[PDB]
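A.B. asks: Pasting a structure here, questions to come.
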Amino acid sequence: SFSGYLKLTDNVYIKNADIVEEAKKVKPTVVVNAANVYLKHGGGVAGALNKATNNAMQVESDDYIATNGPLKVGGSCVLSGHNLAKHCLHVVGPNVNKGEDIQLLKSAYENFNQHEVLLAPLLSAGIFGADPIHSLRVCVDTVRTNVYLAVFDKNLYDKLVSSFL
Ligand SMILES: CC(C)C(=O)Nc1nnn(C)n1
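Quick note: the sequence shown uses the UniProt record's numbering, first residue 1027, plus one each step.
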């Protein structure tokens, strides 16, 4: 199962890891994607997860959007995990760089509660523009299921652990 994680709370764990590499190693039941409403997996975690699936995630996602329309900011959908996981939970955190309401970050993390265990990135962090320290705080105060957080950046990982209240 998951190895090398630092335990933050009863149910939240954290590791300085590449979530693609982590997913290929563990093959978790659920890998969380830092998705946008259109499921256009261009950059950040989404671009990296999609590239690891050889674009199969994007092909599946375009069919999902053609049938269902876009997700809501704060919403999610469950699609295939391809070669990374059994399932991919595509969760849309607010993109602060698009002027989206940061208050939707709690709604976004609530989607994790539908899954007993997940491998995930910090929602709205990275290219989504939110403060990752705030994202981790909302994660630990919202998610009640077992979440294994993969933080790519070592310097950010150290800052998150050292500042964790
Ligand atoms: C109270 C408001 C800001 C809120 O949480 N709205 C919401 N959360 N997820 N979706 C979708 N819509």
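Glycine is no exception: its CB is placed at the ideal position from the N, C-alpha and C atoms.
#1: Quick check: residue 1146 and residue 1053, are their CB atoms within less than 8 Å of each other?
#2: Quick one: residues in its chain with C-beta nearer than 8 Å to the C-beta of residue 1070, no 5 flanking neighbours on either side, listed in chain order?
#3: Would you call the segment 1168 to 1182 and the segment 1027 to 1041 touching, i.e. three or more CB-CB distances under 8 Å?
#4: Using only alpha-carbon positions, find the residue among 1189, 1055, 1149, 1156 that is nearest to residue 1072.
#5: Would the C-beta of residue 1099 count as close to ligand 1, meaning under 7 Å from any of its heavy atoms?
#6: Tell me, please, which residues DSSP counts as bridged to residue 1151.
#7: Which residues in the same chain have their Cβ closer than 7 Å to the Cβ of residue 1079, if we skip the five residues on either side of it in sequence?
#8: Which of helix, strand or coil does DSSP assign to residue 1051?
#9: Do the CB positions of residue 1135 and residue 1165 come within less than 8 Å of each other?
#10: Is the CB-CB distance between residue 1133 and residue 1159 below 8 Å?
#11: Grab me the residues of residue 1137's own chain with a C-beta within less than 6 Å of its C-beta, minus the 5 sequence neighbours each way, in chain order.
#12: How many angstroms separate the CA atom of residue 1057 from the CA atom of residue 1050?
#13: Find the nearest neighbour of residue 1163 within the set 1142, 1086, 1131, judged by alpha-carbon distance.
#14: Going by beta-carbon coordinates alone, are residue 1104 and residue 1074 separated by less than 8 Å?
#15: Indicate, with yes or no, if ligand 1 has a heavy atom lying under 7 Å from the CB of residue 1127.
C.D. replies: Quick answer:
#1: Not in contact: residue 1146 and residue 1053 (Cβ atoms no closer than 8 Å).
#2: Result list for residue 1070: 1060, 1152, 1153, 1154, in chain order.
#3: Taking 8 Å as the limit for Cβ pairs, the verdict is that the segment 1027 to 1041 does touch the segment 1168 to 1182.
#4: Ranking 1189, 1055, 1149, 1156 by Cα distance to residue 1072 puts 1149 first.
#5: Yes, the beta carbon of residue 1099 sits closer than 7 Å to at least one heavy atom of ligand 1.
#6: Here residue 1151 is not bridged, per DSSP, to any residue.
#7: In its chain, beyond the 5 residues on either side, 1108, 1109, 1110 have a beta carbon closer than 7 Å to the beta carbon of residue 1079.
#8: For residue 1051, the secondary structure class from DSSP, reduced to helix, strand or coil, is helix.
#9: Inclusion of residue 1135 and residue 1165 in the CB contact set at 8 Å is warranted, their separation being smaller than that value.
#10: Between residue 1133 and residue 1159, the CB-CB gap reaches or exceeds 8 Å.
#11: The beta carbon of residue 1137 sits closer than 6 Å to those of 1102, 1117, all from its chain and outside the five residues before and after it, given in chain order.
#12: Cα to Cα, residue 1057 sits roughly 10 Å from residue 1050.
#13: Ranking the options by Cα distance to residue 1163, first place goes to 1131.
#14: Against a cut-off of 8 Å, the Cβ pair of residue 1074 and residue 1104 comes out as no contact.
#15: Yes, since a heavy atom of ligand 1 falls inside the 7 Å radius drawn around the Cβ of residue 1127.
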